[PDB]
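Line by line, the protein sequences are chains H, F, X, U, A, P, D and E. Going by this note's numbering, the letters in the first sequence line up with residues 1 to 238, in that order. Going by this note's numbering, the letters in the second sequence line up with residues 1 to 238, in that order. Going by this note's numbering, the letters in the third sequence line up with residues 1 to 238, in that order. Going by this note's numbering, the letters in the fourth sequence line up with residues 1 to 238, in that order. Going by this note's numbering, the letters in the fifth sequence line up with residues 1 to 202, in that order. Going by this note's numbering, the letters in the sixth sequence line up with residues 1 to 202, in that order. Going by this note's numbering, the letters in the seventh sequence line up with residues 1 to 202, in that order. Going by this note's numbering, the letters in the eighth sequence line up with residues 1 to 202, in that order. Ideal Cβ placement from N, Cα and C applies to all residues, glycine included.
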Amino acid sequence: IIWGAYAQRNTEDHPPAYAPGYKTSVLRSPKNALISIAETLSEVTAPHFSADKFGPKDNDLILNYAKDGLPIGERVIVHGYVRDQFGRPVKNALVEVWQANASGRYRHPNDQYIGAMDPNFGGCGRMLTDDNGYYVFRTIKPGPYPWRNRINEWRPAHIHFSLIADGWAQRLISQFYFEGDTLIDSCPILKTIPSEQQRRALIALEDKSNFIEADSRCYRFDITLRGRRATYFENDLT
Amino acid sequence: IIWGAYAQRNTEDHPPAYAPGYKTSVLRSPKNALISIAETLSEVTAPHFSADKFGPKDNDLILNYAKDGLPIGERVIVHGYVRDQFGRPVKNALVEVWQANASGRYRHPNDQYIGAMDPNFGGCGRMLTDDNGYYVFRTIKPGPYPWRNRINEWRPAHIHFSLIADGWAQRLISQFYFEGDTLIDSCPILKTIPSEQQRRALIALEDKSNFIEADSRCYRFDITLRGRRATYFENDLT
Amino acid sequence: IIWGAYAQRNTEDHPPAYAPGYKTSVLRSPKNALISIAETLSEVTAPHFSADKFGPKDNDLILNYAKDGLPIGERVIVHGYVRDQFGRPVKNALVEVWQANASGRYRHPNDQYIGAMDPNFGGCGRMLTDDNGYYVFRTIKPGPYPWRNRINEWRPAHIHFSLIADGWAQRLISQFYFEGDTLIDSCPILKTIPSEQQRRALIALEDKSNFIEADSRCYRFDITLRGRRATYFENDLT
Amino acid sequence: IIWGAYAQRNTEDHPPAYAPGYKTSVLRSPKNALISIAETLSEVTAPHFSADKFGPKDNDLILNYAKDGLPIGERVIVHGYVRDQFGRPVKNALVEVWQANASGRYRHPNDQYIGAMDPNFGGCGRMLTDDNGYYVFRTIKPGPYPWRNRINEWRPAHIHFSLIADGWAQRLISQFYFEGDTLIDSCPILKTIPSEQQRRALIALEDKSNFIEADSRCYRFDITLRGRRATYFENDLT
Amino acid sequence: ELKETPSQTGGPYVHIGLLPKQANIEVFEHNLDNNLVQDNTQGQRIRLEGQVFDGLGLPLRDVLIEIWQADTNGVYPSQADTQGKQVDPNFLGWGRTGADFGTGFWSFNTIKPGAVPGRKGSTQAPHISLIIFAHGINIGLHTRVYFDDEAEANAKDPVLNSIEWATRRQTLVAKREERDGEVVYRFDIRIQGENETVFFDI
Amino acid sequence: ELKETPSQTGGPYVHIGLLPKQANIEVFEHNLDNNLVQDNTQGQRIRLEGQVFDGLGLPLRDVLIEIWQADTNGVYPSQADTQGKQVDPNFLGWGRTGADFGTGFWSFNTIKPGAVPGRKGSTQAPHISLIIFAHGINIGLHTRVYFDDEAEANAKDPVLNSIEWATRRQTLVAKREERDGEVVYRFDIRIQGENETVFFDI
Amino acid sequence: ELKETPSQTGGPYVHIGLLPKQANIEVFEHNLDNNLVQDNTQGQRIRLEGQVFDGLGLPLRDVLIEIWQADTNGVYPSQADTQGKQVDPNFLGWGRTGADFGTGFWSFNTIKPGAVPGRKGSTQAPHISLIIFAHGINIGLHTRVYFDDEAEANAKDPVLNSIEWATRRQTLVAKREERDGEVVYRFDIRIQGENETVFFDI
Amino acid sequence: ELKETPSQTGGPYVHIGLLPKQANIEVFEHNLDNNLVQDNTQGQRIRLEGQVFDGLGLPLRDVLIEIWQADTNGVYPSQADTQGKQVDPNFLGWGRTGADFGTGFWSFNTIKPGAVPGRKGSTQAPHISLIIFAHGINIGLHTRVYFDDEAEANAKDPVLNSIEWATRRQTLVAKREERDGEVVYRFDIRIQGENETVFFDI
Ligand SMILES: [Fe+3]
Ligand SMILES: [Fe+3]
Ligand SMILES: [Fe+3]
Ligand SMILES: [Fe+3]
């Protein structure tokens, strides 16, 4: 098996750069169209991170910052699989997540929301996918976050995530939401995605058989990255 | 019968100038709105071309450039009628066409596609419509053409055409496609047209009863130009 | 695992021998019903062909007969999987294909069609399926072929294929077509197949994510052969 | 305008030769498929009949055989247009008709039905279509006719017609029926036609605005013949 | 576009309307018939005759036959003939006949046709186009009659050579005979079975 | 009623079909071009030239331009002209050209047009109607070229005065120059941005 | 569960892809053919030949035939053979051929196969499995060739005895002949009609 | 086939998760950062720095940047590199940084990369691939940094030459400076407007 380039990104499956309803994008979106290039070794390669450097609680947002006690909020486990567009598992990909606490408050200098800070919650974690492309982390469900777009804008509860996998072309940052949240229908940020089926691809599903009795609930969320094509005739990559 | 102005162009039946999905339009589209003007003799007149100056094979793309043999590819006849929006035939209009060869390769200095060139195909023709507004030409069906918009963009098979008819206001250049081509659904250029019914107005239909046995297939394609209104009261044109 | 016989061929999933609309079948179809027999070693065995005897361009119809240049026509890659009716991959099966050129002209003594011959195209290839039952070949899309059944009969574009796999009972020759071709609906040969779902099983699907930019398009086509049952009680085969 | 061949007859729009439900066809249908040929002057030419040789009552079946009085039965006028498949009128075509009388009795030596003979009815007429392809004749509505196929078979009321027009290839004999006749649904002869829309093409429609008060009713029935294609490139006919 | 009106059998009484005289019906002053020879018609007079047999070998006694052919110089008396040559002015080129109710024999009095141009510069051998209608026949059956004394012409005929079964070509060749000064060509038609006559879709 | 066939870009190879010679294709004996002056054409000869710029200020080297204008006396060589005056018989009134692939300059050899009647008794100043087609341009862009030496006429032109932004009117005025005896009018077109040329929906 | 891909005719040019040499196409270095005898192959050499006839008794000149058989000891050169005996290592067991375009004769050079076990302890008489593909044949037609000199074995063959019409069994028996030292078995196939060859659904 | 998970902005607090130290969060023992130089790393040390500006020319103080590059010999520390050459074992090839909240300056300490093979036998000039994420940016913006002292290499670079607007190529060239013995390359990014940096769809 000789690998060729990643399949082209389907721009219609993603938000456009200029999206007037999300006001900050107006001045931070290029006026010129992106220039598409044919891929080289630069685009199909990516770094490797070693499992040895990860701490034991790096995927446990409930405990990795707990000092005097446990954080306040809903205990939830999130898991799923990362695969490429042709369905192949993405192994040893670096998954990083960040979020607000149960009050909808971020532990960030620039967040002045009145929702209370939790001295026992940090809000960031990371993990590597396994050989099946599986990942799992535990956290506190974040509360919805009010922000200034229109004056009374509110983000649905959400968790930010980032993936660095096999090729630089697969680099991706996004956010997932929780099944049933009514703010999902009103969010200008989620509405920058043009199609309904794609907005639904960011909603984590309640996974009731995987709840742990008298302990935690569970959400299932899978992620799809760009996939590489195989070459059977000329190999122009190099 | 005293003729007045052409009916207004219905801008909603045409692509807009700025169409981000067709990247080259981003810098080649005016920022200002077009200025509509009331028509004068300048807009309702147009040149006349004489039938005497047309060669015998000008509408025969299979033979008008053949040197050592016939071009390679699917032999097809294309015919139809040109009428104005009120259904009147457009007589003696100049119809010019151009296209790629069977490989999807244009005989143009700037085309570096690897699809093979055909030494016996030129790719351009012209004809005048008759008194019924009828036209007919013969050609080789063009192959789909890969181009750089997104990196893996492919034009459906298509033939470019241009009409110079009775009034300068009717001046029009467009492209038609072939019934059934699956790339029609993915083309960013065809998608600049806002409505579905208008995208369908550019698809030539298979005309099976007009196939010529053991020789050529046939496609039917009609064209509609702007039509003039008649004046029955004041004549302000002049 | 002890193997028993192949499952019975479902005659209703295949064309009948006598099919009046395909005129040549009238005198070349048996009058007597076929005699069904219980299988023996003769029917469940088949030859083995060695990979060592295949040339490097045997599955590359674009280059395996090119002398002075490339053939004219649409560059397309066709790939898919061969499996048996129970979904198991068919490994190391011999797949042979043949077709007309871009003009709809066969390189065969008996073909007098006026569509032009291509000195750089042969029209035949072969390959062995791999361990996953996968095959891939590259070719020029063939043009539709006029023939004499009714006087103006036209075959849709098509590629003939043949499989010799694990058992003589799986021996099969057929033809596949290309998504969207309007002649598919009119072909008397495709209409000898009684059911609609089976006629659809012969249409190769456009596989857009597998197109190779500025190079070739791609069609996906899978094939299903008869499958063997396993024996768990008496073994009557021998 | 240089004319080429007639369009191919669409065999699926006509009854097959072998139709077991119409018993007489079993021994009078060829076993071999018809041989399709490309047309020559022989097939595109046909005779001309002169208007001068037609009598004044040739299209008046009510009076052309009346001796002592008028025939008994329902006075009806039948009219319509004859056109080719491309919608062009068929001018000066010879239309001949024949039918049974009001009792369902034919004036033929071989008809022994007990329905009464009418000494004032003959049952045959003829006319030439005019320049618009129009024809009109007057007759007595025929009664349904019992015959021996299955023992209790009954033909719906019907009138036989024959056309000799511009080309021998258009030669056609058929039968039309009357709107509403319940026997239309049971006739094995009408059921030899495979499609429903074609069976409906033989039903004459009641034309109430054209009834002549206190005199006759009226049925409208149009006929479509094969049409010639025009030639714009090579003329191989000769 | 419109579909052709579908064909239906002529039925057993096809004579009432196409040959009223054979049915004993006198409604028309001028009647169409099987005699294509007028007094000034040019060319050699021939009689064409035969029978039509069903699949059990029995003659059809209810069959109606028509023929269409060119004049002595190979020109059709039709506005659609594009040869630019003058046609025999005393020639209709068409006739109609029915088989005798008792015996099944049919016949025409006509002229032997001249050769007619074929497609793409070819020449067709002399032939008469023939169509058969009858009870049991859903669509008129088209065939052609060639002549056994035109061996060289037949060998080069485009249509005859387009029939791949060389043995079937012979079913289209009428046999010349000479009954008391008259030239007769015998052409029997076998609708079904052994030696089945070739029928064409034209 | 029918809808107009929707426009589509001419694409980057618009030369194959509209100016085969610029693509190095010799299929036609008589070819259309950018020279509207025949030997007996009346009027003063002028050369019209310029470049077409995109929104970053770069010239389009794949653009196709056509012009349409009246003769020296303000009469169009069109059956639709209703002035009742005779038009110069040696004048087509139309030409087509492409920009030079390397430099982007385009040009026409024509005649300076006479004034043409405007609506409701008005008089239009001398002008040439121009249309631009190119890859990226979905619908041909219409504009007009007026002449800077026709100041009094321009001041009274109905179309120019219907443009409310007085500053935009100037984008439609070509500058007269005199290169060695020849009269040249320079007209640059800016499709987008600062000093964007006025385009019309006609 | 999936349905088998439906069969379609091989069509008239089945040679381009299955026997490129017969079509005059040299694309492959190693080509498949009708010779199953290698120099060290064990067993008695025989030639198998015949013609394939359509329903009018004419030979098919566009037919493609393949055969599949066991070696001299009745063992198939297939991993699916479960006899536990070693197969002749210099034997493919399969060949393909086309009829001669002019005459319609086809032939194979092979070895006479040894007897192969039948179901439930039975023994099958020596036979070659044969399949026919051609224009007009919608699904490859399977049949078997037995040998007339194996009378005792044929009488006990399970498959032959499962054909109830004793008279049809004979259509599956090839006739041994001896052309100048060589053993030839003649096997003609009649696709339709009198003496129609038995075809199997296997 | 599946569709790619759709992108969403990183939002204003993208630091909590990608650079917890800049947010004052100590959860990880080993943290990722902007220093790609380890003590034994081979090659010339350079500092890459600049600011990112919005469409009004103001620097983004909430932007997150990552870079990906080859080692000193043009080999990527990735299993997907197929050059068959050994990569510098003390080089991750990647780093991440955030702009200073007050000033907006960002920087990386890395090595100047060696040239990497381009497609079809070509050679790419030395470059670093860079991606930008921020509140308001819906999809990470990809660009490349070339070096102004690599003039000959840049002139032959496939990607730079594929940008048709020659004037836009310059936005991808960082300027070499020498601050007290250290080599610094200044690369400012303009997301929108005049001199807008070229961004790629890779
Ligand atoms: Fe009747
Ligand atoms: Fe194009
Ligand atoms: Fe074929
Ligand atoms: Fe957030």
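Distance, residue j Cα to residue i Cα
{"i": "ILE132 (chain P)", "j": "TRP168 (chain F)", "result": "13 Å"}
{"i": "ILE77 (chain X)", "j": "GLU213 (chain X)", "result": "12 Å"}
{"i": "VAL116 (chain E)", "j": "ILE35 (chain H)", "result": "21 Å"}
{"i": "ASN32 (chain X)", "j": "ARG105 (chain U)", "result": "45 Å"}
{"i": "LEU70 (chain X)", "j": "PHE121 (chain X)", "result": "8 Å"}
{"i": "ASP236 (chain F)", "j": "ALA5 (chain F)", "result": "9 Å"}
{"i": "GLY104 (chain A)", "j": "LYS53 (chain U)", "result": "30 Å"}
Listed by chain order, chain P residues near residue i by CB distance under 9 Å
{"i": "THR167 (chain E)", "result": "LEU56, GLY57, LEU58"}
Endpoints, alpha helix (DSSP H) assigned at residue i
{"i": "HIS15 (chain A)", "result": "14-18"}
{"i": "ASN154 (chain D)", "result": "151-155"}
{"i": "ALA174 (chain D)", "result": "Per DSSP, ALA174 (chain D) belongs to no alpha helix (DSSP H); it is in the beta strand (DSSP E), 173-179."}
{"i": "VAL44 (chain H)", "result": "41-44"}
{"i": "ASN59 (chain X)", "result": "First-last for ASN59 (chain X): undefined, no H or E at that position."}
{"i": "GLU196 (chain X)", "result": "196-200"}
Residues near residue i by beta carbon distance below 7 Å, same chain, minus five either side
{"i": "residue 203 (chain D)", "result": "A question about residue 203 (chain D) goes unanswered here, because the residues of chain D that appear run from 1 up to 202."}
Cross-chain neighbours of residue i in chain P, by beta carbon under 8 Å
{"i": "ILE35 (chain F)", "result": "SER162, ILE163, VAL198, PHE199, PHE200, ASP201"}
Chain G contact for residue i (CB, 7 Å cutoff)
{"i": "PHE137 (chain H)", "result": "Chain labels in this structure do not include chain G; the protein chains are H, F, X, U, A, P, D and E."}
Where residue i meets chain U, residues with beta-carbon distance less than 7 Å
{"i": "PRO194 (chain X)", "result": "Under the 7 Å cutoff, chain U gives no residues; its nearest Cβ is about 15 Å from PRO194 (chain X)."}
Range covered by the beta strand (DSSP E) that runs through residue i
{"i": "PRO146 (chain F)", "result": "145-147"}
Close-in-space but distant-in-sequence residues of the same chain around residue i (CB under 6 Å, 5 per side omitted)
{"i": "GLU66 (chain E)", "result": "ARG96, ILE131"}
{"i": "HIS160 (chain F)", "result": "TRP98, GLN175"}
Amino acids of chain X, ordered along the chain, whose beta-carbon sits closer than 7 Å to that of residue i
{"i": "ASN32 (chain U)", "result": "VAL26"}
Under 7 Å from the C-beta of residue i: neighbouring residues of chain F
{"i": "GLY93 (chain P)", "result": "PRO47"}
Proximal chain X residues relative to residue i, where beta-carbon distance stays under 9 Å
{"i": "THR11 (chain U)", "result": "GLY21, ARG150"}
Sequence-distant residues of the same chain with beta carbon closer than 8 Å to residue i, five excluded per side
{"i": "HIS135 (chain P)", "result": "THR9, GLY10, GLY11, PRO12, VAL14, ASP62"}
Chain-ordered neighbours of residue i on chain A, where CB pairs are closer than 7 Å
{"i": "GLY123 (chain U)", "result": "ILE16"}
- Query: If contact means a Cβ-Cβ distance below 9 Å, which residues of the segment 217-229 of chain H contact chain X?
  - Reply: Within the segment 217-229 of chain H, the qualifying residues are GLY227, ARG229.
- Which residues, in chain order, does the segment 84-104 of chain X contribute to contact with chain D at a C-beta distance below 7 Å? Across the segment 84-104 of chain X, CB contacts with chain D closer than 7 Å involve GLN85, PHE86, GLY87, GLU96, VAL97, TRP98, in sequence order along the chain.
- Message: Please list, in chain order, the residues of the segment 138-155 of chain X that have any C-beta partner in chain U closer than 8 Å.
- Response: For the segment 138-155 of chain X, which is checked against every Cβ of chain U, the residues closer than 8 Å are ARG148, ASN149, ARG150, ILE151, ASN152.
- Task: Pull out every residue of the segment 107-131 of chain E whose Cβ sits closer than 7 Å to any Cβ of chain H, in chain order.
- Result: Contacts with chain H (Cβ-Cβ distance below 7 Å) from the segment 107-131 of chain E involve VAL116, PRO117, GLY118, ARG119, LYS120, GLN124, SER129, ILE131, listed in chain order.
- Which residues, in order along the segment 13-25 of chain P, keep a beta-carbon less than 8 Å from a beta-carbon of chain F? Here the close residues are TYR13, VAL14, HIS15, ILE16, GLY17, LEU18, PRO20, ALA23, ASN24, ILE25.
- Item | Contact list for the segment 64-81 of chain X against chain F, Cβ threshold 7 Å | Per Cβ criterion, the list reads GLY69, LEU70, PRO71, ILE72, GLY73, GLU74, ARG75.
- Residues of the segment 76-100 of chain D with Cβ closer than 9 Å to any Cβ of chain X, in chain order: For the segment 76-100 of chain D, the beta-carbon criterion of a distance under 9 Å to any beta-carbon of chain X is satisfied by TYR76, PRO77, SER78, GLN79, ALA80, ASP81, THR82, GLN83, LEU92, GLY93, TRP94.
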